[PDB]
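Read the single chain below, which is given as structure tokens and is the form deposited in one PDB entry.
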């Protein structure tokens, strides 16, 4: 028949008429309320589409809960499609609803029901200002649900927008860190290798690693790059881990004594396996020659404690020899390192661990190692006995004496 070109009707009054609300706090339009901030029972999704009020419901708590509850999950439903198109016609409106205290929860809902086609236009909108969406307290939850839910090439294309950005700022941010960890915990290393190249710099690693939030970023990266373990005929992850663990090893002395970085150092020491070489470097270059000072610190004494727990015998021997005979006695008190750590409110925990390691190590298969652990336990016992009159009045001394109890130091 004859062609019919149906243009859409111009309506530049919708926003001006949906800007009228009852409460100045709510944004729900007055045609849809019941007077009490709730959504009237005659209101249907066809009414929302007809009055062009998707934004105004999404910016209100009860209107957005209405949208989330009645949003059709099926991708071929007509109302689903019309609502999705209203969401994504304007990029700036979409990025406003992502950054909205309430609207984000709707955006996450359309992610949960999405198909590759929808994910493509969602990804293209998010990529234009991904970094600022990651800093936002509301939009970062959208970004993380995207990283989980998108097809892997789409999420890769998204996370690559973070390259050449101020990643120190984003990593130590209250909101941004959980994005970066999500990337590292979900996407293939090929999608975030620029993070490992960024943390290869010493300055960036220290600033990010010595932070409330960035130390969890560094630890999540180390966990993901090391958990590969075997299943690898080649490497790649080993070279990336090596590139990162290099800076940790070069700056471990500072990191081990920091209020936050101590936990990353403990993870490296405690992990073993693929991190077991790096563990050894940390003890030989940072802990050794500094056991007495680090065992007196609030943060580093946990590092010394896990180092006694997890080290191989050949390093336990050097640590024991440093405590027992590696320090000059105090000029006025003639006090050695062991005497200091017995009565010290942090170092007592180190002494309790030395005893535990020597007790567990008596059951080792090698005879000489068993005799050496027995020798070290006997040295600690003698000093505890010469100071038991004072140690029995402390909780720590009661723990120490009960640990040395009824032993066979063969």
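Positions refer to the first chain, counted from 1. We call the rigid core whatever largest set of C-alpha positions still superposes within 1.5 Å between the two forms.
One more form of this protein, deposited in another entry, exists but is not displayed; see below.
- prompt: Considering only 173, 161, 297, 120, which residue exhibits a C-alpha shift of no less than 2 Å between the shown form and the other one, with the rigid core used for superposition?
  reply: Just 297.
message: How about residue 54 - superposed on the rigid core, does its CA move between the shown form and the other one by 2 Å or more?
response: Shift of 2 Å or more: no.
query: Rigid core fitted, is the C-alpha displacement of residue 68 between the shown form and the other one 2 Å or more?
result: Shift at residue 68: below 2 Å after core fit.
- prompt: With the core lined up, does the C-alpha of residue 188 move 2 Å or more between the shown form and the other one?
  reply: Shift of 2 Å or more: no.
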